[PDB]
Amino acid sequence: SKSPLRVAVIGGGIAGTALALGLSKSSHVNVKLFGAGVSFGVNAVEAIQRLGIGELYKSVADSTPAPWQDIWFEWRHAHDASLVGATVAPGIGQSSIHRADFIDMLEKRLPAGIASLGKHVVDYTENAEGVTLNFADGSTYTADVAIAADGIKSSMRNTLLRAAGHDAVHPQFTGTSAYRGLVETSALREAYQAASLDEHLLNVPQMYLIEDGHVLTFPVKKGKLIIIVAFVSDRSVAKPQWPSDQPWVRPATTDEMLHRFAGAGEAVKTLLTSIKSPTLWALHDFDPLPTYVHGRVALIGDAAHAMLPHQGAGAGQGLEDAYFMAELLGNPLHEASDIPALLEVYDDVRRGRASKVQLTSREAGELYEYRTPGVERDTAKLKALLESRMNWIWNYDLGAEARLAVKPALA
């Protein structure tokens, strides 16, 4: 060991917090760490299981009461609530957790010494022997390797991209906004009963499709609350804008929603009407980056590949980043002078998949809203694409990917 590997992780937010937990174990590594609700698919599982939290997650996270627990979503048309199809993810189904609670349960299993609160980074500089963080603090830290997990607005992203000779990249408003509510299930069963509606729609997660919008629901608190997220999209401007400075969240009225879902049937309308105080969220992402790495620094999580939530996939990609990165650093063979090269390996393994996840989250946005060329609102073709489209994401083998986390070959 003599000199262990010095690794800084910037951003205390799931990807970061989990890469630190990832690295913790290694002992020959020295590591320090500088929607108000989330979803996890089948491919997150292997990652969570790994980082030693299956057990705990599996208890704290919401799930759809049995036996409906394996259903990801039932897909329906908004206008009459009729069925288009269903995506089943056996085992996981609709799995979700309050963000606060997830992060927290990571960082509270994190052997003391690693968390390093006050500091956020404005800048960094590097030699080839050193990468040095500039805290606002006015102070500094220096390491062999720095992994930026500082989210969609990442400072570090654009230091890196400018260093690597690429244009900077900022959050782009997607044109889509989300009204979100949380509703007492009993209250809605009453309403549903009152209007002769199928009460199945409240027990199993649903997505209702309409032109330029969609509404999803899923039960939480073992069935007693319903999460409702009503998505609306304007595709008039070819590149839409959010007010120079509003925050990305604000409150909104129950009629500002209903106005956008005028074409929907009474199932959807009842759901929309049950939300008394809807918040609205402006959804941002960015185009895939030309690289995630330069020198001794690498981007993970939303800082690398922020995305629309339409495939419930963003966190999971952060977790796959984290897992692979833990395995890559933290492999006793690997040392300071390997870092530039090993990071460019991370890039080769991960950039493609995550970029393609970003893009297919935009594509899902359009599919759910009757905009996919070749498909639009056609029931049979919608069915076929919905029922297969998550596979390449879900059915990925993290184990095998880990085997690629190794110094090159030269041979």
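Residues carry their position along the shown sequence, with the first being 1.
According to the entry, the deposited sequence places 4 to 9 unmodelled residues between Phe34 and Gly35. Stretches compared: 188-196, 169-177. Higher mean C-alpha B-factor in the entry: 188-196. In this entry, the higher average B-factor at the C-alpha atoms falls on 96-104, of the pair 96-104 and 277-285. For the set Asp80, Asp150, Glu129, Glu74, the maximum C-alpha B-factor listed in the entry falls on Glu129. Across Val29, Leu385, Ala364, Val349, the greatest Cα temperature factor reported in the deposited entry is at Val29.
In the deposited entry, the Cα temperature factor of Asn395 places it in the lowest third of its chain's modelled residues. Placement of the Cα temperature factor of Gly52 within the chain: highest third of the modelled residues, per the deposited record.
Compared with the other modelled residues of the chain, the Cα B-factor recorded for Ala230 ranks in the lowest third. Per the deposited record, the Cα B-factor of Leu359 falls in the lowest third when ranked against the other modelled residues of its chain. Sorting the modelled residues of the chain by their CA temperature factor places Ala380 in the lowest third.
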